[PDB]
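J.: Structure in structure tokens, see below.
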Amino acid sequence: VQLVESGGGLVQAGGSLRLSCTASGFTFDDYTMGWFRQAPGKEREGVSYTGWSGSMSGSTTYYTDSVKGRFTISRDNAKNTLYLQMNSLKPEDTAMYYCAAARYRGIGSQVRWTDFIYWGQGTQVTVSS
Amino acid sequence: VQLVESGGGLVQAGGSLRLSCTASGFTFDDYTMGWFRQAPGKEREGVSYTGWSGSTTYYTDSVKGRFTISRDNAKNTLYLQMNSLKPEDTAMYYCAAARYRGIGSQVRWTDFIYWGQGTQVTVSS
Amino acid sequence: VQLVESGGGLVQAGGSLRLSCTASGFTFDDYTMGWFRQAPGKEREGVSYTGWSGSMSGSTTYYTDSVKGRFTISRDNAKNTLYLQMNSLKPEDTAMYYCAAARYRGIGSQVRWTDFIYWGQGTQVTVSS
Amino acid sequence: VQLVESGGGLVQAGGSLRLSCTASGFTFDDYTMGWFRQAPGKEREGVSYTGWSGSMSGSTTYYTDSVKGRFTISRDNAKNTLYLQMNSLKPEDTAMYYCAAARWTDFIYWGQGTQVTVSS
């Protein structure tokens with residue numbers, strides 16, 4: 001089980017980045033995938049997840065208030081890849097961004113943050129002044 | 001007359017950036033706006049322009065299918081969405097402006113008169 | 001010829017980091033080794049170098065005004081490693097830091113920025129508010 | 001009485017950080033100052049302290065076995081600041097680091113903490 005992040009870097013304020021996260025063997029399309037971030041000196045917080053419920057027949061996507069209307073999560077079940085399109089980047093968005101996976105295959109909107117078990121190494125996103 | 005570029009930076013190969021260029025006092029919506037780039041040690045080449053009956057947008061072969069130019073005449077801002085970035089795209093990117101006439105003439109590269117200071121885009125291996 | 005940087009990361013303002021740069025096959029102790037940095041959207045500037053002087057009887061170390069009294073360069077000719085101790089970090093120090101090498105000596109002429117020929121891939125240093 | 005920590009962040013294995021802890025009213029040069037850390041899911045453990053001994057003939061600094069030879073505590077009584085120089089960082093050092101004051105159960109005044117993350 002591997003999760004390799006890519007697409008990070010350094011950008012001016014107002015610029016844009018696009019993160020990617022390819023996934024090794026765990027049957028990607030049945031898992032709820034998510035993006036986390038960790039500020040320097042602060043705890044790791046949740047950014048966005050998307051994933052699937054059986055009790056509603058369908059998918060549930062989430063976005064935090066600080067990334068609302070600016071970030072976009074998407075998945076490609078054929079290539080087992082998760083994406084995070086970050087537009088209109090602010091200097092408060094500067095963190096190391098992690099790509100996580102939750103494992104019990106049916107969680108929709110009852111997704112606790114503690115359900116994410118498999119993690120990646122991360123990628124740096126730096127938004128300067 | 002000022003042209004301030006933004007949105008540049010450093011990214012690995014395959015990543016994406018989005019440049020912006022706000023414009024100070026001149027009628028933005030009546031001018032043909034363009035993007036240039038200058039490699040280290042090489043001459044300044046043209047990337048993409050858009051502007052003026054109908055509108056005409058241009059893209060160079062090296063940025064074909066990967067770059068996207070757009071303008072916002074309300075906010076007087078020019079955009080350049082750079083997707084699938086290659087290490088050959090590493091340059092300082094300039095935002096230029098030309099004035100259209102004719103009426104059957106063409107915008108050549110020498111028509112761009114007003115320029116910006118630029119922004120650096122670095123695509124590493 | 002390889003130059004691998006390490007020791008970067010994310011830190012608050014006032015914190016400290018220490019970069020390292022191991023060198024592959026090129027005779028490290030006879031080359032002038034340096035550190036560069038590149039801000040987001042700006043050109044690549046020079047930070048500090050150490051090595052040859054101009055006289056074949058001395059070492060010469062350099063430090064830019066923006067890093068004066070806060071940064072410290074050092075080399076280990078036995079392990080072929082270059083170090084950069086960054087203390088009292090400011091948010092203006094946020095860049096991708098590169099480790100470069102020069103080989104021109106020129107008895108009578110001092111070190112210029114264009115003499116650095118071999119470069120590394122770099123490491124990210126982010127100093128947040 | 002306030003204790004504000006700073007200097008934390010994220011770094012690779014083998015990298016270095018330096019924590020700082022400024023102190024509000026007024027103790028500082030007569031109190032034994034220390035650093036604690038708390039791993040995710042584990043209890044809060046002690047890292048290092050420095051301060052007075054019994055009797056007043058001298059100072060005593062302490063370092064835990066897991067940080068021995070890699071960490072360095074220091075204080076500045078003029079600026080009322082405590083420092084922790086963390087060199088050769090291991091992934092087992094990943095915790096939230098607290099700055100505490102005494103004069104392990106003697107430490108009464110605490111700070112909010114700062115996160116130190118050492119990734120692979």
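Labels used: A, B, ... for chains in the order of the structure tokens, numbers from 1 for residues in each chain, and numbers from 1 for ligands as shown.
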Could you work out which residues of chain A fall inside 8 Å of chain B? Count only C-alpha atoms, and format the result as a PDB file with N, CA, C and O atoms, in the first residue's frame.

T.:
```
ATOM      1  N   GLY A   7       2.969  17.312  -7.682  1.00  0.00           N
ATOM      2  CA  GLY A   7       2.324  18.530  -8.121  1.00  0.00           C
ATOM      3  C   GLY A   7       2.510  19.737  -7.228  1.00  0.00           C
ATOM      4  O   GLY A   7       1.964  20.803  -7.539  1.00  0.00           O
ATOM      5  N   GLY A   8       3.256  19.611  -6.132  1.00  0.00           N
ATOM      6  CA  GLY A   8       3.499  20.735  -5.255  1.00  0.00           C
ATOM      7  C   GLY A   8       4.600  21.642  -5.767  1.00  0.00           C
ATOM      8  O   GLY A   8       5.194  21.423  -6.825  1.00  0.00           O
ATOM      9  N   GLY A   9       4.874  22.684  -4.994  1.00  0.00           N
ATOM     10  CA  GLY A   9       5.950  23.600  -5.351  1.00  0.00           C
ATOM     11  C   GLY A   9       5.785  24.946  -4.660  1.00  0.00           C
ATOM     12  O   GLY A   9       5.213  25.034  -3.572  1.00  0.00           O
ATOM     13  N   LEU A  10       6.307  25.979  -5.321  1.00  0.00           N
ATOM     14  CA  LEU A  10       6.304  27.347  -4.820  1.00  0.00           C
ATOM     15  C   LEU A  10       5.620  28.262  -5.827  1.00  0.00           C
ATOM     16  O   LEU A  10       5.856  28.156  -7.034  1.00  0.00           O
ATOM     17  N   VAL A  11       4.780  29.176  -5.335  1.00  0.00           N
ATOM     18  CA  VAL A  11       3.997  30.047  -6.204  1.00  0.00           C
ATOM     19  C   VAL A  11       3.737  31.365  -5.481  1.00  0.00           C
ATOM     20  O   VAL A  11       3.798  31.448  -4.251  1.00  0.00           O
ATOM     21  N   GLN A  12       3.499  32.418  -6.266  1.00  0.00           N
ATOM     22  CA  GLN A  12       3.074  33.708  -5.742  1.00  0.00           C
ATOM     23  C   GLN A  12       1.622  33.639  -5.270  1.00  0.00           C
ATOM     24  O   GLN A  12       0.878  32.704  -5.584  1.00  0.00           O
ATOM     25  N   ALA A  13       1.220  34.656  -4.511  1.00  0.00           N
ATOM     26  CA  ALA A  13      -0.160  34.754  -4.057  1.00  0.00           C
ATOM     27  C   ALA A  13      -1.088  35.032  -5.235  1.00  0.00           C
ATOM     28  O   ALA A  13      -0.789  35.857  -6.103  1.00  0.00           O
ATOM     29  N   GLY A  14      -2.214  34.319  -5.269  1.00  0.00           N
ATOM     30  CA  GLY A  14      -3.125  34.372  -6.389  1.00  0.00           C
ATOM     31  C   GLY A  14      -2.862  33.347  -7.470  1.00  0.00           C
ATOM     32  O   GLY A  14      -3.719  33.154  -8.342  1.00  0.00           O
ATOM     33  N   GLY A  15      -1.714  32.675  -7.438  1.00  0.00           N
ATOM     34  CA  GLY A  15      -1.401  31.653  -8.411  1.00  0.00           C
ATOM     35  C   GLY A  15      -2.172  30.368  -8.168  1.00  0.00           C
ATOM     36  O   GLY A  15      -3.030  30.261  -7.291  1.00  0.00           O
ATOM     37  N   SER A  16      -1.842  29.358  -8.969  1.00  0.00           N
ATOM     38  CA  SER A  16      -2.579  28.106  -8.930  1.00  0.00           C
ATOM     39  C   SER A  16      -1.622  26.924  -8.987  1.00  0.00           C
ATOM     40  O   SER A  16      -0.539  27.003  -9.573  1.00  0.00           O
ATOM     41  N   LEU A  17      -2.035  25.827  -8.351  1.00  0.00           N
ATOM     42  CA  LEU A  17      -1.318  24.560  -8.378  1.00  0.00           C
ATOM     43  C   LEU A  17      -2.325  23.426  -8.500  1.00  0.00           C
ATOM     44  O   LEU A  17      -3.520  23.602  -8.251  1.00  0.00           O
ATOM     45  N   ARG A  18      -1.824  22.250  -8.876  1.00  0.00           N
ATOM     46  CA  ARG A  18      -2.658  21.059  -9.014  1.00  0.00           C
ATOM     47  C   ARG A  18      -1.880  19.871  -8.467  1.00  0.00           C
ATOM     48  O   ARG A  18      -0.858  19.480  -9.040  1.00  0.00           O
ATOM     49  N   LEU A  19      -2.359  19.304  -7.362  1.00  0.00           N
ATOM     50  CA  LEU A  19      -1.731  18.141  -6.753  1.00  0.00           C
ATOM     51  C   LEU A  19      -2.306  16.853  -7.330  1.00  0.00           C
ATOM     52  O   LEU A  19      -3.463  16.794  -7.751  1.00  0.00           O
TER      53      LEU A  19
END
```

J.: Counting only C-alpha atoms, what is within 10 Å of residue 77 in chain C, bar same-chain residues fewer than 6 positions away, as a list in words?

T.: residues 27, 28, 29 and 30 of chain C

J.: Taking only C-alpha atoms into account, produce a table as a tab-separated table in which each residue of chain D with an atom at most 12 Å from an atom of chain C appears once, together with its shortest atom pair and the distance in Å to one decimal, ordered by chain and rising number.

T.:
```
residue	atom	partner	partner_atom	distance
D:5	CA	C:12	CA	10.3
D:6	CA	C:12	CA	6.7
D:7	CA	C:15	CA	4.1
D:8	CA	C:11	CA	5.7
D:9	CA	C:11	CA	4.3
D:10	CA	C:10	CA	4.9
D:11	CA	C:9	CA	4.5
D:12	CA	C:7	CA	6.2
D:13	CA	C:7	CA	7.7
D:14	CA	C:7	CA	6.8
D:15	CA	C:7	CA	4.5
D:16	CA	C:17	CA	5.3
D:17	CA	C:16	CA	5.2
D:18	CA	C:16	CA	5.2
D:19	CA	C:15	CA	6.5
D:20	CA	C:15	CA	7.7
D:21	CA	C:14	CA	11.1
D:22	CA	C:14	CA	12.0
D:83	CA	C:15	CA	10.4
D:84	CA	C:15	CA	10.5
D:85	CA	C:16	CA	8.7
D:86	CA	C:16	CA	9.5
D:87	CA	C:18	CA	8.8
D:88	CA	C:7	CA	9.8
D:89	CA	C:7	CA	10.0
D:114	CA	C:12	CA	9.8
D:115	CA	C:11	CA	9.9
D:116	CA	C:11	CA	9.1
D:117	CA	C:10	CA	9.5
D:118	CA	C:9	CA	9.5
D:119	CA	C:9	CA	10.0
D:120	CA	C:7	CA	11.8
```

J.: Could you write out the selected residues, including C-alpha atoms, as a compact mmCIF listing (two decimals), in the first residue's frame?

T.:
```
# COMPACT_ATOMS: atom_id res chain seq x y z
CA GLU D 5 6.36 28.74 21.99
CA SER D 6 7.83 29.26 18.52
CA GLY D 7 10.29 27.77 16.07
CA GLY D 8 8.49 24.51 15.28
CA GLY D 9 7.57 23.13 11.91
CA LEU D 10 8.20 20.27 9.49
CA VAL D 11 11.57 18.83 8.46
CA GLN D 12 13.07 15.71 6.91
CA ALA D 13 15.02 13.12 8.87
CA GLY D 14 18.46 14.37 9.85
CA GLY D 15 17.41 18.02 9.69
CA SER D 16 17.50 20.55 12.49
CA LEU D 17 15.13 22.93 14.27
CA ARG D 18 15.41 25.46 17.10
CA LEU D 19 12.51 26.16 19.45
CA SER D 20 12.06 29.37 21.43
CA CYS D 21 9.83 30.21 24.40
CA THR D 22 9.38 33.79 25.58
CA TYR D 83 15.78 27.67 23.71
CA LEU D 84 15.93 24.07 22.49
CA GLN D 85 18.40 23.33 19.68
CA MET D 86 17.30 20.04 18.10
CA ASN D 87 19.97 18.56 15.82
CA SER D 88 19.96 15.22 13.94
CA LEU D 89 16.19 14.84 14.08
CA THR D 114 4.35 23.97 19.02
CA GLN D 115 4.33 21.08 16.55
CA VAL D 116 7.54 19.41 15.39
CA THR D 117 7.14 16.90 12.56
CA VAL D 118 10.04 14.77 11.30
CA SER D 119 9.01 12.84 8.20
CA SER D 120 10.78 9.98 6.42
```

J.: With all C-alpha atoms paired in order, what RMSD does the least-squares fit of chain C onto chain A leave?

T.: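 In short, the RMSD is 1.5 Å.
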
J.: So which residues touch residue 34 in chain A within 6 Å, counting only C-alpha atoms, skipping near sequence neighbours fewer than 3 positions away, as a PyMOL selection string?

T.: chain A and resi 48-49+99-100

J.: Run DSSP on the backbone and tell me which residues of chain C come out as strand (DSSP E); list them as JSON, numbers by chain.

T.: {"C": [3, 4, 5, 6, 9, 10, 11, 12, 17, 18, 19, 20, 21, 22, 23, 32, 33, 34, 35, 36, 37, 38, 44, 45, 46, 47, 48, 49, 50, 51, 52, 59, 60, 61, 62, 63, 71, 72, 73, 74, 75, 76, 81, 82, 83, 84, 85, 86, 95, 96, 97, 98, 99, 100, 101, 102, 116, 117, 118, 119, 123, 124, 125, 126, 127, 128]}

J.: Rank A:109, A:38, A:32, A:114 by their smallest atom-to-atom distance to chain C, using only C-alpha atoms, and report the top residue only.

T.: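 Among the listed residues, A:38 lies closest to chain C.
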
J.: For residue 37 in chain A, please output as a PyMOL selection string all residues within 12 Å (counting only C-alpha atoms; exclusion window: fewer than 5 positions along the same chain).

T.: (chain A and resi 42-48+64+66-67+84+92-100+119-126) or (chain D and resi 10)

J.: With N, CA, C and O atoms retained, could you export that selection as a short mmCIF file (atom, residue, chain, number, x, y, z; two decimals), in the first residue's frame?

T.:
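Here's the written file part_27.cif:
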```cif
data_model
loop_
_atom_site.label_atom_id
_atom_site.label_comp_id
_atom_site.auth_asym_id
_atom_site.auth_seq_id
_atom_site.Cartn_x
_atom_site.Cartn_y
_atom_site.Cartn_z
N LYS A 42 1.84 23.85 13.61
CA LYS A 42 0.45 23.57 13.94
C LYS A 42 0.14 22.10 13.71
O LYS A 42 0.93 21.35 13.14
N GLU A 43 -1.05 21.69 14.18
CA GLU A 43 -1.54 20.34 13.96
C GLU A 43 -1.95 20.13 12.51
O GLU A 43 -2.17 21.07 11.75
N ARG A 44 -2.07 18.86 12.14
CA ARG A 44 -2.55 18.49 10.82
C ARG A 44 -4.06 18.63 10.75
O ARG A 44 -4.79 18.05 11.57
N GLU A 45 -4.55 19.39 9.78
CA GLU A 45 -5.98 19.62 9.59
C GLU A 45 -6.46 18.98 8.29
O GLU A 45 -5.67 18.66 7.40
N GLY A 46 -7.77 18.81 8.20
CA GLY A 46 -8.38 18.24 7.01
C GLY A 46 -8.80 19.33 6.03
O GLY A 46 -9.28 20.39 6.42
N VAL A 47 -8.59 19.05 4.75
CA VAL A 47 -8.88 19.99 3.67
C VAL A 47 -10.13 19.58 2.90
O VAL A 47 -11.11 20.32 2.83
N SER A 48 -10.11 18.39 2.31
CA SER A 48 -11.18 17.95 1.43
C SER A 48 -11.12 16.43 1.32
O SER A 48 -10.03 15.86 1.28
N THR A 64 -13.44 22.22 3.35
CA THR A 64 -13.35 23.07 4.53
C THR A 64 -13.69 24.52 4.14
O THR A 64 -13.65 24.90 2.97
N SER A 66 -12.06 27.28 4.79
CA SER A 66 -10.93 28.09 4.34
C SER A 66 -10.57 27.83 2.88
O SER A 66 -9.90 28.67 2.26
N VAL A 67 -10.99 26.70 2.31
CA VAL A 67 -10.73 26.37 0.92
C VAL A 67 -12.01 26.36 0.10
O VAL A 67 -12.02 25.87 -1.04
N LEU A 84 -6.24 17.50 -6.64
CA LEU A 84 -6.65 18.67 -5.85
C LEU A 84 -6.25 19.92 -6.61
O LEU A 84 -5.08 20.32 -6.60
N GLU A 92 -2.01 31.83 3.61
CA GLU A 92 -2.44 30.94 4.68
C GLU A 92 -2.59 29.49 4.23
O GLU A 92 -2.73 28.61 5.08
N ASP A 93 -2.58 29.23 2.92
CA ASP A 93 -2.65 27.87 2.39
C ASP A 93 -1.30 27.17 2.38
O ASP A 93 -1.21 26.05 1.86
N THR A 94 -0.27 27.79 2.93
CA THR A 94 1.08 27.25 2.89
C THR A 94 1.21 26.14 3.93
O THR A 94 1.14 26.41 5.13
N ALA A 95 1.43 24.91 3.46
CA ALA A 95 1.53 23.74 4.32
C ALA A 95 2.17 22.61 3.53
O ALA A 95 2.45 22.73 2.33
N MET A 96 2.42 21.50 4.22
CA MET A 96 2.71 20.22 3.58
C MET A 96 1.39 19.47 3.41
O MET A 96 0.67 19.25 4.39
N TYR A 97 1.07 19.08 2.18
CA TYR A 97 -0.23 18.50 1.87
C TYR A 97 -0.12 16.98 1.76
O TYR A 97 0.70 16.47 0.99
N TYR A 98 -0.94 16.27 2.52
CA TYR A 98 -0.93 14.82 2.57
C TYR A 98 -2.17 14.24 1.89
O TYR A 98 -3.24 14.86 1.89
N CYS A 99 -2.01 13.05 1.34
CA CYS A 99 -3.08 12.33 0.63
C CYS A 99 -3.39 11.07 1.43
O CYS A 99 -2.54 10.18 1.54
N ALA A 100 -4.59 11.00 1.99
CA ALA A 100 -4.96 9.93 2.91
C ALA A 100 -6.13 9.12 2.36
O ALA A 100 -6.83 9.53 1.44
N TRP A 119 -1.64 6.68 4.68
CA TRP A 119 -1.17 8.03 4.41
C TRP A 119 -0.02 8.02 3.42
O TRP A 119 0.67 7.01 3.23
N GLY A 120 0.19 9.17 2.78
CA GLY A 120 1.34 9.39 1.93
C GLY A 120 2.41 10.22 2.62
O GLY A 120 2.24 10.70 3.74
N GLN A 121 3.54 10.38 1.93
CA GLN A 121 4.65 11.11 2.52
C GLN A 121 4.44 12.62 2.47
O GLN A 121 4.98 13.34 3.32
N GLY A 122 3.67 13.11 1.52
CA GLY A 122 3.32 14.51 1.45
C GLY A 122 4.04 15.23 0.32
O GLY A 122 4.94 14.70 -0.34
N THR A 123 3.62 16.48 0.10
CA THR A 123 4.27 17.37 -0.84
C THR A 123 4.14 18.80 -0.32
O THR A 123 3.14 19.16 0.31
N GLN A 124 5.18 19.60 -0.56
CA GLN A 124 5.21 20.97 -0.07
C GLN A 124 4.47 21.91 -1.02
O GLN A 124 4.64 21.84 -2.24
N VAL A 125 3.64 22.78 -0.45
CA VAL A 125 3.00 23.86 -1.18
C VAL A 125 3.33 25.15 -0.44
O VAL A 125 2.99 25.29 0.74
N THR A 126 4.02 26.06 -1.12
CA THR A 126 4.45 27.32 -0.52
C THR A 126 3.87 28.48 -1.32
O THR A 126 4.14 28.60 -2.52
N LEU D 10 8.04 21.56 10.15
CA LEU D 10 8.20 20.27 9.49
C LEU D 10 9.57 20.19 8.85
O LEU D 10 10.04 21.16 8.25
#
```

J.: Do a neighbour search on residue 81 in chain D at 10 Å with only C-alpha atoms, toss out local chain neighbours closer than 2 positions, and write the hits as JSON, numbers by chain.

T.: {"D": [3, 4, 5, 20, 21, 22, 23, 24, 28, 29, 33, 74, 75, 76, 77, 78, 79, 83]}

J.: Per DSSP on the backbone, what are the helix (DSSP H, G or I) residues of chain D, as a VMD selection string?

T.: chain D and resid 28 to 30 65 to 67 91 to 93

J.: Go ahead and dump the residues you just picked, N, CA, C and O atoms, as a CSV table (one decimal), in the first residue's frame.

T.:
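Here's the written file result18.csv:
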```
chain,number,residue,atom,x,y,z
D,28,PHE,N,11.7,35.0,35.5
D,28,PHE,CA,12.3,33.9,34.7
D,28,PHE,C,13.6,33.3,35.2
D,28,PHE,O,13.7,32.1,35.3
D,29,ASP,N,14.5,34.2,35.7
D,29,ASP,CA,15.8,33.7,36.1
D,29,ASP,C,15.8,33.0,37.4
D,29,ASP,O,16.9,32.4,37.8
D,30,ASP,N,14.7,33.0,38.2
D,30,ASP,CA,14.7,32.2,39.4
D,30,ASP,C,13.9,30.9,39.3
D,30,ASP,O,13.6,30.3,40.3
D,65,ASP,N,17.4,10.2,27.7
D,65,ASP,CA,18.3,9.3,26.9
D,65,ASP,C,18.0,9.4,25.4
D,65,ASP,O,18.9,9.2,24.6
D,66,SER,N,16.7,9.5,25.0
D,66,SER,CA,16.3,9.6,23.6
D,66,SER,C,16.8,10.8,22.9
D,66,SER,O,16.9,10.8,21.7
D,67,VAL,N,17.1,11.9,23.6
D,67,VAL,CA,17.6,13.1,23.1
D,67,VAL,C,19.0,13.4,23.5
D,67,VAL,O,19.5,14.6,23.2
D,91,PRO,N,12.6,10.4,13.2
D,91,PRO,CA,11.1,10.4,13.1
D,91,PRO,C,10.4,10.1,14.5
D,91,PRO,O,9.2,10.4,14.6
D,92,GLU,N,11.1,9.5,15.4
D,92,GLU,CA,10.6,9.3,16.7
D,92,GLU,C,10.5,10.5,17.6
D,92,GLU,O,9.8,10.5,18.6
D,93,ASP,N,11.1,11.6,17.1
D,93,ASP,CA,11.0,12.9,17.8
D,93,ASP,C,9.8,13.7,17.5
D,93,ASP,O,9.6,14.9,17.9
```

J.: What is the distance between CA of residue 108 in chain A and CA of residue 51 in chain A, in Å to one decimal?

T.: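 Calculated distance between CA of residue 108 in chain A and CA of residue 51 in chain A is 6.7 Å.
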
J.: Using only C-alpha atoms, which protein or nucleic acid residues come within 12 Å of residue 48 in chain D? Drop anything in the same chain fewer than 3 positions from it, and give the result as a PyMOL selection string.

T.: chain D and resi 32-37+45+51+60-74+82-86+97-101+104

J.: How would the residues just chosen look if you wrote them out with C-alpha atoms as a CSV table (one decimal), in the first residue's frame?

T.:
```
chain,number,residue,atom,x,y,z
D,32,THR,CA,13.6,26.0,36.5
D,33,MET,CA,12.5,26.0,32.9
D,34,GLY,CA,11.9,22.8,30.9
D,35,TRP,CA,10.7,21.2,27.7
D,36,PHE,CA,8.1,18.5,27.4
D,37,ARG,CA,6.7,16.6,24.4
D,45,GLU,CA,7.0,12.9,28.6
D,51,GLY,CA,17.6,25.5,36.5
D,60,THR,CA,21.6,21.6,36.9
D,61,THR,CA,20.6,20.7,33.3
D,62,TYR,CA,18.9,17.5,32.3
D,63,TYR,CA,18.5,15.5,29.1
D,64,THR,CA,16.5,12.4,28.4
D,65,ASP,CA,18.3,9.3,26.9
D,66,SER,CA,16.3,9.6,23.6
D,67,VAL,CA,17.6,13.1,23.1
D,68,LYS,CA,21.1,12.7,24.6
D,69,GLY,CA,23.9,14.2,22.5
D,70,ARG,CA,21.4,15.6,19.9
D,71,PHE,CA,19.4,18.2,21.9
D,72,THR,CA,20.7,21.3,23.6
D,73,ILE,CA,18.7,23.5,26.1
D,74,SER,CA,19.8,27.1,26.9
D,82,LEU,CA,14.2,29.5,26.7
D,83,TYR,CA,15.8,27.7,23.7
D,84,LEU,CA,15.9,24.1,22.5
D,85,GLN,CA,18.4,23.3,19.7
D,86,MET,CA,17.3,20.0,18.1
D,97,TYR,CA,6.6,20.3,22.2
D,98,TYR,CA,5.6,22.2,25.4
D,99,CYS,CA,7.5,24.8,27.4
D,100,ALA,CA,7.0,24.4,31.2
D,101,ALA,CA,8.1,26.2,34.3
D,104,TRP,CA,8.1,16.2,36.7
```

J.: Mind checking which residues fall within 8 Å of range 46-60 of chain B, counting only C-alpha atoms, ignoring those fewer than 3 positions away in the same chain, and posting them as a PyMOL selection string?

T.: chain B and resi 30-37+63-64+67+69-70+100+109

J.: For the selection just defined, write its residues with N, CA and C atoms to a file, as a short mmCIF file (atom, residue, chain, number, x, y, z; two decimals), in the first residue's frame.

T.:
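selection.cif, freshly written:
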```
data_model
loop_
_atom_site.label_atom_id
_atom_site.label_comp_id
_atom_site.auth_asym_id
_atom_site.auth_seq_id
_atom_site.Cartn_x
_atom_site.Cartn_y
_atom_site.Cartn_z
N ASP B 30 -10.03 47.20 -25.65
CA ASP B 30 -9.82 47.55 -27.04
C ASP B 30 -8.41 47.22 -27.53
N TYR B 31 -7.59 46.58 -26.70
CA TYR B 31 -6.21 46.27 -27.04
C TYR B 31 -6.03 44.76 -27.17
N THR B 32 -5.11 44.36 -28.05
CA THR B 32 -4.75 42.95 -28.18
C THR B 32 -3.66 42.64 -27.16
N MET B 33 -3.98 41.76 -26.21
CA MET B 33 -3.09 41.43 -25.11
C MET B 33 -2.39 40.11 -25.38
N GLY B 34 -1.12 40.02 -24.97
CA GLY B 34 -0.31 38.86 -25.30
C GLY B 34 0.64 38.48 -24.18
N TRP B 35 1.17 37.27 -24.30
CA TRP B 35 2.18 36.74 -23.39
C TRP B 35 3.45 36.42 -24.16
N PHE B 36 4.59 36.86 -23.63
CA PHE B 36 5.90 36.56 -24.18
C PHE B 36 6.71 35.80 -23.14
N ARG B 37 7.80 35.17 -23.58
CA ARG B 37 8.72 34.54 -22.64
C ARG B 37 10.14 34.65 -23.17
N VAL B 63 3.51 25.40 -27.10
CA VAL B 63 2.53 25.49 -26.03
C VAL B 63 1.14 25.06 -26.50
N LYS B 64 1.05 24.45 -27.68
CA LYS B 64 -0.23 24.07 -28.27
C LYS B 64 -0.87 22.94 -27.48
N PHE B 67 -1.42 25.28 -23.06
CA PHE B 67 -1.58 26.62 -22.52
C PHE B 67 -2.95 27.16 -22.93
N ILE B 69 -4.99 31.04 -22.91
CA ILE B 69 -5.07 32.47 -22.63
C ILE B 69 -6.54 32.84 -22.47
N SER B 70 -6.79 33.85 -21.63
CA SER B 70 -8.13 34.38 -21.41
C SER B 70 -8.01 35.78 -20.86
N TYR B 100 -4.62 47.77 -32.07
CA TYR B 100 -5.10 47.20 -33.32
C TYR B 100 -5.57 48.28 -34.28
N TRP B 109 4.64 40.66 -34.14
CA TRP B 109 5.26 40.70 -32.82
C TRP B 109 5.77 42.09 -32.46
#
```
